[PDB]
Amino acid sequence: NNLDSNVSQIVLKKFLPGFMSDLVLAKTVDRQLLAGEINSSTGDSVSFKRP
Amino acid sequence: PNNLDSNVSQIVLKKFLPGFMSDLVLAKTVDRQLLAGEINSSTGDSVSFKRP
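Here it is in structure tokens:
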């Protein structure tokens, strides 16, 4: 009868897994042309020529 | 309050973007050796080949 004070409420130190997404578009778009071209001197924007 | 747009310059890089084009198969397939070099100064503007 009334043994509640003997036991204690415990929370385990385990995190349940969640939801994750995948990334494929960032690895396919071109990144070599616009690589470091925007500097302190260049400013806000940079431009490329057209054929 | 800061207005630093006159400390920089607008730069146009020296690179060209790709464009478009098409393939050529009709030029390669048709015959070219028969008519090559036959038309010259002494042949006017036409030359003929016989028939079987």
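Residue numbers (the working numbering), protein chains in the order written: chain B, 3 to 53; chain A, 7 to 58.
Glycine is no exception: its CB is placed at the ideal position from the N, C-alpha and C atoms.
With respect to the C-alpha of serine 42 of chain B, the residue from A/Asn13, A/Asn8, A/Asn9 and A/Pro7 having the closest C-alpha is A/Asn13. DSSP places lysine 21 of chain A outside any alpha helix (DSSP H); the residue lies instead in the beta strand (DSSP E), whose first and last residues are 18–22.
If you draw a straight line from the Cα of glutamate 44 of chain A to the Cα of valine 31 of chain B, it comes to about 53 Å. For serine 12 of chain A, none of the residues of chain B pass the 9 Å Cβ criterion, the least Cβ distance being about 10 Å. By the rule that beta-carbons nearer than 8 Å mark a contact, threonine 44 of chain B touches chain A.
Beta-carbon to beta-carbon, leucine 19 of chain A and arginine 52 of chain B are separated by about 12 Å, too far to satisfy the 8 Å threshold.
In its chain, beyond the 5 residues on either side, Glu39 and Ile40 have a beta carbon closer than 7 Å to the beta carbon of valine 48 of chain B. Taking a Cβ-Cβ threshold of 7 Å, none of the residues of chain B is close to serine 28 of chain A; the smallest such distance is about 15 Å.
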